[PDB]
Each structure stands twice: as C-alpha cells, then as structure tokens.
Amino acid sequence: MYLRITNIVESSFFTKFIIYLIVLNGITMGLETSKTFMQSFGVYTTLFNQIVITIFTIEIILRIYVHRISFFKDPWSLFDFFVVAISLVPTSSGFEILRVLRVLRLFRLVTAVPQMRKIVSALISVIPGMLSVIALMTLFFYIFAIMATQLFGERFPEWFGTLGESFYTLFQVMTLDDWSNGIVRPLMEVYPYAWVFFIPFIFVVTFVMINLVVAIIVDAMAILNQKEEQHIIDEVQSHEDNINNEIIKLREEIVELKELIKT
C-alpha cells in the first residue's frame, strides 16, 4: 500500500488542494477580524478552521510515511509540522496567546509554493556570514545598555531603569526614532553631557550597519570576478599549452626530419 499513498502525496491534486485550503483558510483567518462577520457566521468559520487543521494533520502524517526521516531532515517540512502542531493546541485556557499564533499557519503558503521558498532561501543565505557581526553588535549593545542603566537609570527609569529597559531604548535610538527631542534632550536637562554617550552610540551603530551592507555587496562581487577569472585563466591554460603539445610535435617531427644528413 505504501506506493498507493505515495502517488497521492506526490500528485498535482494534493499540493494544489492544500495550497487551496491554505489560501481560503487565510481569507477566513482574515474575516474573523470583523466582529460583525464573527456574529452572523462565527460557528461556520471555527468549524471550517477545524476542518482545515484536520486535513493538514492528515496530510502531514501522510507526508511522514512517504518520506520518513527525510521528512525531518527537511527545513520546510519541519515548519509545516510545528506550525500545524501549534494549531492543534485546544481553543482554551489562560495562555490564550496560542489562539493567535494559529494565524502562523498561513505561512504554509510559503512552504507550499516553490517560487516563494527560493526567496526565503535566498534571504537566509546572507545570515550565517553575518553571525559574527551580530555577536559583536550584541556585545556592543550589552556594554552600552549597562552604562545607560547606571548613568541614567535613577532619574530616568521608564527608559533606563532595568537592563532590558536600556536595551529597548538603545534599539529605538539606533532606528534614530525620535531620538533627540524624544530622549536625549530630556536626559541633557539633568545630565548635560549625555550627547558624549548618545552621539557616539549613533555613529558606531549606523556606521556598522551601512558598512556591513557595503561589505556584503562588494565581497560578493569579489567572488564573481573570482569565478570569472578562473573560467578565463582556465582558457589560456587550456589553449596555449595545448598549442605547446603541437609546437613540440613540430619538434619531434622537425627532428624526425634530420636524416637529411644521412644522404
């Protein structure tokens, strides 16, 4: 029976039908936004929602028997899995956050549609090279968050009270969000020199972001000229000393013609 289900999971009808259920379920996810619509139709869509989660788990289990292990070595399939698992947690209780994370299920449309995975893939690819810089930055934030909390916390607690208080505030400053009328000018009333802290924080952070981008584009170029030079260097050494194997059978031949002297 294994091959019998495998023909299904792999059909064009399967993926389209699941893509189809993703999409319209998405539309219902959106209609539950309206409190008006939720009245005249609430039980309809929650029903619908239960049908979709059913079909999805059906599907996901099928996919597992058809792919087992390979399935769990697949980033994309793990996603659908966890994102479906979440939806499978009951419409209940105090930790009511999960009712809302059920709208993550719509990200299946990203898994289900190949054009889109490529985009997500292309995006993630940039990340691992950056993990070093991310560390350095987070270190830099940490160190400055500490100083903030200490230098500024007592008189300005909404902003620099806790450690995490200052983290949030320093993120805002980085996005240059209302940074000067909004935070530093207040600070400077008590502590006139605050700028000696915030002006450098701004230049370093902005500096790094910008440059990091420059480096990315330019280093990527550097490897493109690499493969190109290779490809062309590979040519002058494919030719030339293949025109060497022919200018020495001039040589072998030229000296094959050297008992002109015997006569």
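One-based numbering along the sequence shown.
**Student:** On mean C-alpha B-factor from the PDB entry, just flag whether 208-216 or 230-238 is the higher one.
**Tutor:** Higher of the two, by average CA B-factor, is 230-238.
**Student:** Which has the higher mean CA temperature factor in the PDB entry, 68-76 or 117-125?
**Tutor:** So the stretch with the higher mean C-alpha B-factor is 68-76.
**Student:** Sort 194, 43, 55, 224 by C-alpha B-factor from the entry and give me just the highest.
**Tutor:** The listed residue with the largest C-alpha B-factor is 43.
**Student:** By its CA B factor, does residue 173 count among the lowest, middle or highest third of the modelled residues in the chain?
**Tutor:** Its C-alpha B-factor, which the entry lists for residue 173, ranks in the lowest third among residues of this chain.
**Student:** According to the PDB entry, is the CA B factor of residue 81 in the bottom, middle or top third of its chain, that is, lowest, middle or highest?
**Tutor:** Within its chain, residue 81 is a middle-third residue by C-alpha B-factor, going by the deposited values.
**Student:** Split the chain's modelled residues into thirds by Cα B-factor; is residue 47 in the lowest, middle or highest one?
**Tutor:** Its C-alpha B-factor, which the entry lists for residue 47, ranks in the highest third among residues of this chain.
**Student:** Looking at the temperature factor on the CA atom of residue 104, which third of the chain's modelled residues does it land in?
**Tutor:** Middle third by C-alpha B-factor.
**Student:** Residue 98's Cα B-factor: lowest, middle or highest third of the chain?
**Tutor:** As the PDB entry reports it, the C-alpha B-factor of residue 98 lands in the middle third of its chain.
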